[PDB]
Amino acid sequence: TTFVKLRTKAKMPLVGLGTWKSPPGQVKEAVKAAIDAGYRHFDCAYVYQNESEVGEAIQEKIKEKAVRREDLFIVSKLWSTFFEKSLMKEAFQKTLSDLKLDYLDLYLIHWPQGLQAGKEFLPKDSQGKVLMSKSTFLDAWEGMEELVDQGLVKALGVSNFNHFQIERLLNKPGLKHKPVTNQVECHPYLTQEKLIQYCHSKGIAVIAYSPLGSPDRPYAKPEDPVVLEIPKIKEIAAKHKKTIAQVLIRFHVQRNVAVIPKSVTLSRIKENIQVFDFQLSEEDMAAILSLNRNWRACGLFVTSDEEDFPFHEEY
C-alpha cells in the first residue's frame, strides 16, 4: 500500500514532500518536480513563508491536467501565535489563499504551546525571553473545528504532541472532531515506538518528519548524532540496491507511518519516493529500531520550562 487510511477513511499517502527550509524561489520548482515524480502529499506551513510558491506549483499542475485536486493531500499548520479564534481565522484564510485552494485535507496544530500574538513568529521581551500567550491548544482546537464544519478543512491533527497532551484533547468537554494525525520527528535515533503504538491504538495516524535528521537545520553541531551516516543503514542500503535516504524513508513507510522528506534537489525529490519496490527484513527493521537513543534535533527548546512543553514526558 502507498497510503494509510485515516479514522475518517480518507487515504493519506505514505510519502509526502516536506517544505520547511525550502527557499521561496526554489519551492515552486521542487513541488512541480514532486508532482511529476508522482507525489500527492505536500506538507507546508504558515511559518515556512513559502505557501504562495507551493500554491502556484499546485495550480499550474492542476491546470495542465497533471493531477486532479481530489488526488492531492495538502497539509498546513496553524502557528502558535494564532491560537485565539479570530486570529486563527485570519491566519487560516491567508494559508488557504496563498495555496490557492478551496479546502485543506489536513490542518495541524504546529506546536502545543501558545505564543504571544503580534507580528513576530517567536515573540521576545527585552531580555530575549520568548513570550507565551493565554490561549491553549484546546482553545485553538475549538476554532479549528469550525473550519471542518464549514468544509474548509477535511480533517484536523496535531504536531509535536506527547500522549498526555493528546489524551487531554481526546477528553476535551464538547470535542467535535477527533485529531487524525500527530506529526513528529522520527528517525533511527528517535524511533517513537511508544508514541506510534499509542497513536495507532487511538485512531490517529503518525507523520514522521526529519527522517534524514534535517542536515540543513540551522543549529547543527558536530557533536550531534548523524542520521545520514548511520553505519547499519549503509549496510542495508547496499543489500537492497537502494540509497541510504531510501532506507531511512522506507523504515517509516513499512511501519505504516507517513513520512515527509524535504528536498529542493530534483534528483533527491525523485529518489525519495522510490521506496515502494523493496521490503526491509524483520532483522533489518529490528536492527534499525535498536538504534534508538531518544535524541531530538527539532522543537522550540527555549520554551522548555513554560507550560505545555511536549518533550519532558517519556512519550
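Just count from 1 along the sequence shown to find any residue number.
Peer 1: For the higher mean C-alpha B factor in the entry, choose 137-145 or 203-211.
Peer 2: The recorded data point to 137-145.
Peer 1: Averaged over C-alpha atoms, is the B-factor higher for 275-283 or for 262-270 in this PDB entry?
Peer 2: Per the deposited B-factors, the answer is 275-283.
Peer 1: Quick one: which of 116, 162, 191, 159 shows the highest Cα temperature factor in the PDB entry?
Peer 2: Across 116, 162, 191, 159, the entry lists the biggest C-alpha B-factor for 116.
Peer 1: For the C-alpha B-factor as written in the entry, point me to the maximum among 195, 88, 72, 155.
Peer 2: Comparing C-alpha B-factors across 195, 88, 72, 155, the top value belongs to 88.
Peer 1: Would you mind ranking residue 257 by its C-alpha B-factor against the rest of the chain and naming the third, lowest, middle or highest?
Peer 2: Ranked within chain, residue 257 CA B lands in the lowest tercile.
Peer 1: Residue 178's Cα B-factor: lowest, middle or highest third of the chain?
Peer 2: Ranked within chain, residue 178 CA B lands in the middle tercile.
Peer 1: Pull the Cα B-factor of residue 226 out of the PDB entry and bin it into the chain's lowest, middle or highest third.
Peer 2: Lowest third.
Peer 1: Quick check for you: using the entry's CA B-factors within this chain, is residue 219 in the lowest, middle or highest third?
Peer 2: Answer is highest: the recorded C-alpha B-factor places it there.
Peer 1: Taking the C-alpha B-factors as the PDB entry records them, is residue 131 in the lowest, middle or highest third of its chain?
Peer 2: As the PDB entry reports it, the C-alpha B-factor of residue 131 lands in the highest third of its chain.
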